[PDB]
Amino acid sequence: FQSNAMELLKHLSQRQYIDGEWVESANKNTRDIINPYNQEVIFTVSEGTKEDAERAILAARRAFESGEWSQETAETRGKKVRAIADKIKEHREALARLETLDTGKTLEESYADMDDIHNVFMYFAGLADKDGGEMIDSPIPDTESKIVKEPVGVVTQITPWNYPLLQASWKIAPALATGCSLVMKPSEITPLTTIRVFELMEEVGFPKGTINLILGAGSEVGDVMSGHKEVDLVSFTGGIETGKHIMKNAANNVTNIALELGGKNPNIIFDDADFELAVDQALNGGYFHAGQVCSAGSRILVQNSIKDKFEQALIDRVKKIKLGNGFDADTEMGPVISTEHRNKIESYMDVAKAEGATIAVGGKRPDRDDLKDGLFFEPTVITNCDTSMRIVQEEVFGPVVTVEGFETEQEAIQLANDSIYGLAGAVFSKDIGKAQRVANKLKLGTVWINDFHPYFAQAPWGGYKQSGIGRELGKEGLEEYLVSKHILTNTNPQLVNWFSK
């Protein structure tokens, strides 16, 4: 099943890309990369050092100052970003396969990511030359005032394992479109598609040092990427505790930060929702990508009048979800990403039971022989819980949902907002007026009305509260990579003569 993807690795680079060259780690260290479907070592790549990271940041600064890219016309930068987009489409099949091999998600999930990635690059390619800044009506006579937008500078970018190429395209596109130099480091356990995308960008051609790729989770590599004085912006997508640590580091040089740290996304279902649609979308929110996608709906809030019927209907569908190899077209859910992540998920099951919650279905590794070698976990539904519980307040980022009941509209909103997170959520009801009222009160970066999962390049994505700082995608996403400069010219300068002559 996976052997065609295994073939691709025969030609994939194993090294870092620093300052126009594929290089090993300064100490020759390496890391084994695994396929989560069978836990087999499938590739070995360089494990970079903090000096490698250092050298990349300084190369990115040197290229920035040269102006080769930063002072290129916006139109031409747009054409190059478009050329990356065209590469993604041209190598769509291989890229989708490489992503399924590395992360375990189904091939159709990977193809959908490859479509999004193409559109992300294409969107930024188009936006690149559309806004150079503003002319201001100066309140001072005989002055000309303008705001010019410049690339922010050297940017470090840390991407997560869920999921590599898609989140990388969110950061890379705007950075290249605006003229920044970047240093990217993907998750130590999933570097395959990122290494491939760097090979393709190298084919498109960028001046030396504009793009650099650091691999691994080496000692203090993160520190250097978040704390180096030549960095102007650190953009991190991943876990909350690392995110916080990254921000503390960025403070040492008063460096701009952008964070996206996941969330406990609510899926609110009223008793006047289209029922079968809500059940369908509750499965999709809970179990696409094994519940590991950023948009996952792990917190179901359902109105008390239909709660029992919704629970039975959901549980009945969950038992039919097909687990298996992501390359097998019959598979509906692949495995979770690592031993460590599967272990955290298991332990949250113990906490659930101990707290009084009911594991209504799932909650364990599956039996079947073809899944035994893999990092599989059964899709899980947890009932009879409430907001005071750890399993409701803490995000597990696995194929697991909790179900809480609510009596009124006001209670739904209150419960949905009762979390430290604020990334995304949905409201299901045929009463659109009501759904709009709810949407307006939810503290969430994105709200879906009668849908679940949609994100796209045209609109910004990001969190309120502990889910993040800043936005990716849209004009706002482009803005994270820009800095504003006010240039004021006194066209008729006269002596002030404040001080005695």
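If you superpose the two forms and keep the largest set of C-alpha atoms that fall within 1.5 Å, you have the rigid core. Residue positions are given as counts along the sequence shown, with the first one as 1.
- Structural divergence in 4 other deposited structures of this protein between 217-225 and 192-200: following superposition by the core, 217-225 has C-alpha atoms lying farther from the shown form.
- Stretch 293-301 is the one, of 154-162 and 293-301, whose CA positions lie farther from the shown form in 4 other deposited structures of this protein once all structures are superposed by the rigid core.
- Averaged over their C-alpha atoms, the temperature factors of 353-361 and 110-118 are higher for 353-361.
- For the pair 334-342 and 232-240, the mean Cα B-factor is higher in 334-342.
- Comparing the C-alpha B-factors of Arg82, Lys185, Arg390, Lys146 in the entry, the top value falls on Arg390.
- Taking the PDB entry at face value, the top CA B factor among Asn265, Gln167, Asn384, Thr194 belongs to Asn384.
- The PDB entry assigns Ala74 a C-alpha temperature factor belonging to the lowest third of its chain's modelled residues.
- The entry lists a Cα temperature factor for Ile469 that places it in the lowest third of the chain's modelled residues.
- In the deposited entry, the Cα temperature factor of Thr446 places it in the lowest third of its chain's modelled residues.
- When all modelled residues of the chain are sorted by CA temperature factor, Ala53 is found within the middle third.
- When the modelled residues of the chain are ordered by their C-alpha B factor, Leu478 lands in the middle third.
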